[PDB]
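One structure below.
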Amino acid sequence: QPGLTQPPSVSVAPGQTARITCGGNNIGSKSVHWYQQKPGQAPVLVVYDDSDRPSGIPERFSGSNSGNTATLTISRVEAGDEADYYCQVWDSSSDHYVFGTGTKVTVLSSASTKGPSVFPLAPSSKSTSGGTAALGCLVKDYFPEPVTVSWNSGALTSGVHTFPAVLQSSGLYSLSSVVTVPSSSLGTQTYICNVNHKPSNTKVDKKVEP
Amino acid sequence: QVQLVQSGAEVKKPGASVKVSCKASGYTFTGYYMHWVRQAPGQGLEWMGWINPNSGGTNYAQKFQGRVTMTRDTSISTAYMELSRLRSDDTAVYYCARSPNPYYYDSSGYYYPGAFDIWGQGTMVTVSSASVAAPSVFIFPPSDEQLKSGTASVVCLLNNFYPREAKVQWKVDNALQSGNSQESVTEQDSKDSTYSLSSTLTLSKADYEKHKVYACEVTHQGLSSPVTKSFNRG
């Protein structure tokens, strides 16, 4: 356990309590600092230690630690709490500053867990002018994150570009996954997009052709 | 009020060296340690090191030990960080964060040694080794099944372009669109070192039938004149 480890992602609905964990050696006997970083902004020091927190910072943020684990507890989560969170420790013996791996937290729309609807992105015009054809999959209206999307069950990793998701106004996610191949290949062989969405325990396989 | 102001965004090349300034205000410069900590896009925070403005002394991490030098000017109350022998994975946002000297208790009331109580706004630093390339713009009309769903989504795909900076605008009946489309970008850093962009313009079916014509316009640096890709029913 050389560094500080945190769960990569935590999601919670408004009004709930979010508990973020931090792992390390002899952390309970140490002071643990928690920083918050909203998208495109600088980190801010949220919790120095336990309930000791800087000026102008909500009483809902509280710190804790026992043995090898520490915990940032966010009581009554609000939409504004949606940001990345980093635990941090200082070893005064070797004068080392260590951050955590980071925890992306999200405030849910409280929408029902929904399986994705994958529509085909068919090439016709694009194939022609380029000398290279772009075909794809439009994975629409799923919740929550994430989905994994392969092509031909992993038979090709060459031209595939899997884009990040976006949060629609419906509170659901839209995903795009494209791949580029020559027209010659486009004519003869089959192209299957394989969508695997764990949170709904479903999966779809869609055929993309001329 | 206490504030830290860093130098503007900078663009460099592999092998070169970058310098970043940090201007402190609203407090005693010599009373606090000044740290430098960076983060790569979509990565975690990584401590680079500290300088003590009062004595000028420094302490670097073992990773950056040889390449980085942190200096200071007390007169203008400014700290500096220089990174040499730059490579591509040094591409990151660089923050300067203040941390209380354990030997200097302040009248502020909040004695927080070991923590970074104040952060700068950050400085963007890019290392390329990549030529400037125009996008490959493709377009996709909505699938028939999606039309059966009642909604329609047209997709604009800008492929293998450099740099990130690009403009996308949607035209229905030669008319500019605002407040409908959403977009996303992927950085492939392996070979191309380029960014691919997916834009999705979403309308209802009714507007889709009643409007009768669709085009996607894109303006980029690497291309001479704005490229428009068009498509329609038929």
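Please indicate, with yes or no, whether at least one residue in region A:198-205 is within 22 Å of A:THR106 (Cβ to Cβ) and hydrophobic (A, V, I, L, M, F, W, C).
Step one: filter region A:198-205 for residues within 22 Å of A:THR106 (Cβ to Cβ), giving A:198-202.
Next, only the ones that are hydrophobic (A, V, I, L, M, F, W, C) stay: none.
The answer is no, given that none of the residues of region A:198-205 is within 22 Å of A:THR106 (Cβ to Cβ) and hydrophobic (A, V, I, L, M, F, W, C).
Go through (1) within 10 Å of chain A (Cβ to nearest Cβ); (2) surrounded by 15 or more Cβ atoms within 10 Å (Cβ to Cβ) one by one and return the number of the condition B:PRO102 breaks.
Of the numbered conditions (1) within 10 Å of chain A (Cβ to nearest Cβ); (2) surrounded by 15 or more Cβ atoms within 10 Å (Cβ to Cβ), the odd one out for B:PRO102 is (2).
Quick check on this structure: which one of B:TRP170, B:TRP119 is on the phi < 0 side of the Ramachandran plot, surrounded by 15 or more Cβ atoms within 10 Å (Cβ to Cβ), touching a residue at least 40 places away in the same chain (Cβ under 8 Å) and not assigned by CATH to the domain that holds B:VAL11?
B:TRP170
Quick check, is A:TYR97 without any contact (Cβ under 8 Å) to a residue 12 or more places away in the chain, closer than 21 Å to B:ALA115 by Cβ and surrounded by 15 or more Cβ atoms within 10 Å (Cβ to Cβ)?
Yes; evaluated as a whole, the condition is true for this residue.
So, restricting to strands (runs of 3 or more DSSP E) that lie completely within region B:108-200, which ones have at least 2 residues that are more than 9 Å from every other protein chain (Cβ to nearest Cβ) and in contact with a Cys (Cβ under 9 Å, 6 or more places away or on another chain)?
Working: elements: B:123-127, B:136-140, B:151-161, B:166-172, B:182-188.
Output list reads B:151-161, B:166-172.
So how many residues does region B:27-44 have that are under 30 Å from A:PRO164 (Cβ atoms) and part of a loop (DSSP other than H, G, I, E, B)?
Residues in region B:27-44 being under 30 Å from A:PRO164 (Cβ atoms) and part of a loop (DSSP other than H, G, I, E, B): 5 in total.
Say whether the condition of being within 25 Å of B:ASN159 (Cβ to Cβ), among the charged types (D, E, K, R) and touching a strand residue (DSSP E or B) at 6+ places or on another chain (Cβ under 9 Å) is met by at least one residue in region A:142-157. Before the answer, list the steps.
Step one: filter region A:142-157 for residues within 25 Å of B:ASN159 (Cβ to Cβ), giving A:142, A:145-157.
In the following step, the residues that additionally are among the charged types (D, E, K, R) were identified as A:145.
Still in the list and also touching a strand residue (DSSP E or B) at 6+ places or on another chain (Cβ under 9 Å): A:145.
Looking through region A:142-157, at least one residue is within 25 Å of B:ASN159 (Cβ to Cβ), among the charged types (D, E, K, R) and touching a strand residue (DSSP E or B) at 6+ places or on another chain (Cβ under 9 Å).
Which number in (1) at the interface with chain B (Cβ under 9 Å from one of its Cβ atoms); (2) out of contact with any helix residue (DSSP H, G or I) (no Cβ under 6 Å at 6 or more places or on another chain) marks the one condition that A:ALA134 misses?
Of the numbered conditions (1) at the interface with chain B (Cβ under 9 Å from one of its Cβ atoms); (2) out of contact with any helix residue (DSSP H, G or I) (no Cβ under 6 Å at 6 or more places or on another chain), the odd one out for A:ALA134 is (2).
Six or more apart or on different chains, Cβ atoms under 9 Å: show the pairs whose first residue is in region B:156-167 and acidic (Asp, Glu) and whose second is part of a strand (DSSP E or B).
B:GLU165/B:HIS220
Consider A:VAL46 carefully, then state whether it is within 14 Å of another protein chain (Cβ to nearest Cβ), touching a strand residue (DSSP E or B) at 6+ places or on another chain (Cβ under 7 Å) and either among the aromatic types (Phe, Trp, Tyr) or not in a loop (DSSP other than H, G, I, E, B) (or both).
Values: within 14 Å of another protein chain (Cβ to nearest Cβ): yes; touching a strand residue (DSSP E or B) at 6+ places or on another chain (Cβ under 7 Å): yes; either among the aromatic types (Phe, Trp, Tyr) or not in a loop (DSSP other than H, G, I, E, B) (or both): yes.
It is true that A:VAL46 is within 14 Å of another protein chain (Cβ to nearest Cβ), touching a strand residue (DSSP E or B) at 6+ places or on another chain (Cβ under 7 Å) and either among the aromatic types (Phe, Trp, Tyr) or not in a loop (DSSP other than H, G, I, E, B) (or both).
Pull up region B:41-66, narrow it to residues that are away from every other protein chain (no Cβ under 12 Å) and surrounded by fewer than 17 Cβ atoms within 10 Å (Cβ to Cβ), then point me to the one that is farthest from the chain's Cα centre (by Cα). Before you say what the answer is, go through the steps one by one.
Here is the first cut: in region B:41-66, the residues away from every other protein chain (no Cβ under 12 Å) are B:51, B:53-56, B:64-66.
Then keep just the ones that are surrounded by fewer than 17 Cβ atoms within 10 Å (Cβ to Cβ); that gives B:55-56, B:65-66.
Working: B:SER55: 34, B:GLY56: 31, B:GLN65: 26, B:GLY66: 26 Å.
Going through the qualifying residues, I end up with B:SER55.
Would you confirm whether any residue within region B:16-26 is surrounded by fewer than 16 Cβ atoms within 10 Å (Cβ to Cβ), part of a strand (DSSP E or B) and not small (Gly, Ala, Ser)?
Going through region B:16-26, the residues surrounded by fewer than 16 Cβ atoms within 10 Å (Cβ to Cβ) turn out to be B:16-17, B:19, B:25-26.
Still in the running and part of a strand (DSSP E or B): B:19, B:25.
Still in the running and not small (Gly, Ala, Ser): B:19.
Yes, that holds for at least one residue.
Residue check: is B:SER225 in a loop (DSSP other than H, G, I, E, B), more than 21 Å from A:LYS140 (Cα to Cα) and not assigned by CATH to the domain that holds B:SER88?
Working: in a loop (DSSP other than H, G, I, E, B): yes; more than 21 Å from A:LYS140 (Cα to Cα): yes; not assigned by CATH to the domain that holds B:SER88: yes.
Yes: the conditions hold for B:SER225.
Would you mind listing the strands (runs of 3 or more DSSP E) fully within region A:72-179 where at least 1 residues are assigned by CATH to the domain that holds A:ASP50 and not aromatic (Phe, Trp, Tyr)? Working first, answer last.
Numbers: elements: A:84-91, A:96-99, A:103-107, A:117-121, A:133-142, A:148-151.
Here the list reads A:84-91, A:96-99, A:103-107.
Identify, by number, the condition in (1) among the basic types (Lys, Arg); (2) touching a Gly at 6+ places or on another chain (Cβ under 8 Å); (3) farther than 24 Å from A:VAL118 by Cβ that B:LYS205 doesn't meet.
(3)
Could you tell me which numbered condition B:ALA9 fails, if it satisfies all but one of (1) buried (at least 16 other Cβ atoms within 10 Å of the Cβ); (2) touching a residue at least 60 places away in the same chain (Cβ under 8 Å)?
Checking B:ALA9 against (1) buried (at least 16 other Cβ atoms within 10 Å of the Cβ); (2) touching a residue at least 60 places away in the same chain (Cβ under 8 Å), the one that fails is (1).
All of this is worked out from the model, or read from it or from the source named; nothing here is a laboratory result. As a convention, Cβ positions derive from the backbone with ideal geometry for all residues, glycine included, and neighbour counts pool all protein chains shown.
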